[PDB]
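Q: Output the structure for:
(2 chains, ligands or ions: 1)
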Amino acid sequence: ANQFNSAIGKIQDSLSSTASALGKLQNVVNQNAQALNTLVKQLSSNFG
Amino acid sequence: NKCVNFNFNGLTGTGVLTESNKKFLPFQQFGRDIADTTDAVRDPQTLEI
Ligand SMILES: *[C@@H]1O[C@H](CO)[C@@H](O)[C@H](O)[C@H]1NC(C)=O
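A: Numbers count the residues shown, from 1 in each chain, chains lettered A, B, ... in the order given. The coordinates are given below.
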């Protein structure tokens, strides 16, 4: 029980400390935003 | 606040106009969005944005 409680404590500390731990989710949100922005930027193009 | 067709200086478009806190400096007359579409204009009869 003390090991389990201490290991759950280390999860809160880890998530409070680093930004990169959720990179697998932030990359999805970033690719959705980047793909929407690229589609808006192609309204600027002449295409000739 | 009503939707209209508009034409300022030959910039024909469609939309709703609004009094803007976007401070154009005196050399500018049109503002453009990320899409290369105008999103603000300085009226050619009352100098207001
Ligand atoms: C023309 O617009 C100006 C502002 O640029 C305004 O002061 C003036 O009253 C207008 N002209 C006439 C004939 O009213």
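Q: residue ranges for the helices of chain B, please.
A: Shown for chain B, no helices are assigned by DSSP state H.
Q: ok, and the closest non-adjacent residue to the residue in it positioned nearest to chain A?
A: At 3.8 Å from chain A, residue B:36 is the closest residue in chain B, using C-beta to the nearest C-beta. Quick note: C-beta positions are derived from backbone N, CA and C, even for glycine. For residue B:36, ignoring the flanking residues on the chain, the nearest one in space by C-beta to C-beta, 6 or more residues apart in numbering or on different chains is residue A:44 at 3.8 Å.
Q: Hmm, that neighbour is touching residue B:35, no?
A: Yes - with contact defined as C-beta atoms under 8 Å, residue A:44 counts as touching residue B:35 (6.7 Å).
Q: Which strand residues bridge residue B:31?
A: Beta bridges link residue B:31 to residue B:40, judged by DSSP bridges.
Q: Quick one: residues contacting it.
A: Residue B:31 makes contact with B:22, B:24, B:38, B:39, B:40, B:41, B:49, according to C-beta atoms under 8 Å, 6 or more residues apart in numbering or on different chains.
Q: and the last one, how many neighbours?
A: This means residue B:49. Look at residue B:49: counted by other C-beta atoms under 10 Å in any protein chain shown, it has 16 neighbours.
Q: nearest spatial neighbour of it, skipping sequence neighbours?
A: residue B:20 (4.6 Å).
Q: doesn't residue B:39 make contact with that neighbour?
A: No - taking contacts as C-beta under 8 Å, residue B:20 lies outside contact range of residue B:39: 9.4 Å.
Q: Residue numbers of chain B in contact with chain A?
A: Counting by C-beta under 8 Å from any C-beta of the partner chain, the residues of chain B lying close to chain A are B:34, B:35, B:36, B:37.
Q: Contact partners for the last one?
A: Residue B:37 makes contact with residue A:43 under the criterion C-beta under 8 Å, 6+ apart.
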